[PDB]
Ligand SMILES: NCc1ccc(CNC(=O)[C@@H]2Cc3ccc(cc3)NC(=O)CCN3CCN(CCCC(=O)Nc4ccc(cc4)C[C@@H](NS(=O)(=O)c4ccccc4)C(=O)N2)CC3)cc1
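As structure tokens, one chain now follows by itself in the form solved without this ligand.
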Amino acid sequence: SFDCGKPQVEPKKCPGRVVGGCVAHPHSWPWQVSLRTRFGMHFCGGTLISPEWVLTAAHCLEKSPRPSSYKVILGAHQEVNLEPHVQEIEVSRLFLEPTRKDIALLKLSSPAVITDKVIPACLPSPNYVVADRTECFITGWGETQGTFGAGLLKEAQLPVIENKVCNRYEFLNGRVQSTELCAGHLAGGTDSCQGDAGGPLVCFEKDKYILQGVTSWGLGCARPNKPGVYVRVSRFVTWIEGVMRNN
């Protein structure tokens, strides 16, 4: 009986001013997935959106078409030395977005056991445009530019920047389309690609966290004066629903 987007461990909620991010409270981002190689090395992030489905970036599956080449780790906080309670589930089927966007679906060969440390994130209604300045969080392990909290799950607070403004000449110069969204700072931002490719970007709504973006470094990484661009989940909801409904 675990409804999506409601962690059992309340998130640290790293201050926006902390552009370098914070180590997350363990298990406060219950849907955080870690995509792993055949041998067991984390290499990408993803989000649990149902017990049998994980939403990640197409870029993460570029090395192999075989589902058997991927296994997902759920309930983790450590990147290498996982806790014994961590769930490891092999991937049964892969589904890349039909129009070459950096988003893909992985079907778990076995349903995820929903626990207090493993809960699915909620999905936005089709074509919903998250409001300007909404507070969101990107989470993942990725490349820790520091070394403090290295190997552990981290988070960063990023406010959304409406496409109209993000596309201004001094910033993204009109390169951000409807299938994308910007979250971050226009000035005084960190210089680094945050999270894990395929990692989630969730924004709190009424009483739950909604997955509104997927991490894609190709779209653009945070820069001192440039916000990072994310794949807008809402434009692929109808597509995600179909695959889940036919597989």
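Shifts are known only where both forms have a C-alpha. So that the term is clear: the rigid core is the largest set of C-alpha atoms that superpose within 1.5 Å between two forms. Start at 1 and count along the sequence shown; that's the residue number.
From this point on, the text means the form deposited with this ligand bound, which you will not see here.
**Student:** Site status for this ligand after superposition of its pose in the entry with it bound: open, or blocked by 3 or more ligand atoms within 2.4 Å of backbone or C-beta atoms?
**Tutor:** Site status blocked, 3 or more atoms under the 2.4 Å cut.
**Student:** Is there a non-hydrogen atom of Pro30 within 4.5 angstroms of a non-hydrogen atom of this ligand in the entry with it bound?
**Tutor:** Output for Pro30 is no: heavy atoms all beyond 4.5 Å of this ligand.
**Student:** Although this ligand is absent from this view, report whether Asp102 comes within 4.5 Å of it in the entry with it bound, heavy atoms only.
**Tutor:** Result yes; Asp102 sits at the interface with this ligand in the entry with it bound.
**Student:** Should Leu211 be counted as a contact of this ligand in the entry with it bound, where contact means heavy atoms within 4.5 Å?
**Tutor:** Contact check for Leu211: no, nothing within 4.5 Å of this ligand in the entry with it bound.
**Student:** Answer yes if any heavy atom of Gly218 is within 4.5 Å of a heavy atom of this ligand in the entry with it bound; otherwise answer no.
**Tutor:** Yes, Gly218 sits close enough to this ligand in the entry with it bound that at least one of its heavy atoms falls within 4.5 Å.
**Student:** Each of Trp53, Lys71 and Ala121 within 4.5 Å of this ligand in the entry with it bound, by any heavy atom, yes or no?
**Tutor:** Answer is no for this spot.
**Student:** Considering only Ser34, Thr56, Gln212, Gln194, which residue exhibits a C-alpha shift of no less than 2 Å between the shown form and the other one, with the rigid core used for superposition?
**Tutor:** The one that shifts is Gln194.
**Student:** After the core is overlaid between the shown form and the other one, has the C-alpha of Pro98 moved by 2 angstroms or more?
**Tutor:** Not so; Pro98 is displaced by less than 2 Å.
**Student:** At a 2 Å cut-off on C-alpha positions, does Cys44 qualify as shifted between the shown form and the other one after fitting the rigid core?
**Tutor:** The answer is no; the displacement is under 2 Å.
**Student:** Using a rigid core superposition, assess whether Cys203 undergoes a CA shift of 2 Å or more between the shown form and the other one.
**Tutor:** Shift of 2 Å or more: no.
**Student:** Between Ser192 and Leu123, does the Cα distance in the entry with it bound come out closer or farther than in this form, changing by 3 Å or more?
**Tutor:** Residues converge in the entry with it bound, at least 3 Å closer.
**Student:** Hey, the CA atoms of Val214 and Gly220 end up closer or farther in the entry with it bound than in the shown form, with the change being 3 Å or more?
**Tutor:** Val214 and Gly220 sit farther apart in the entry with it bound.
**Student:** What runs of three or more residues stand out between the shown form and the other one, with each Cα shifted 2 Å or more once the rigid core is matched?
**Tutor:** CA shift runs, sequence order: 146-148, 185-195, 218-222.
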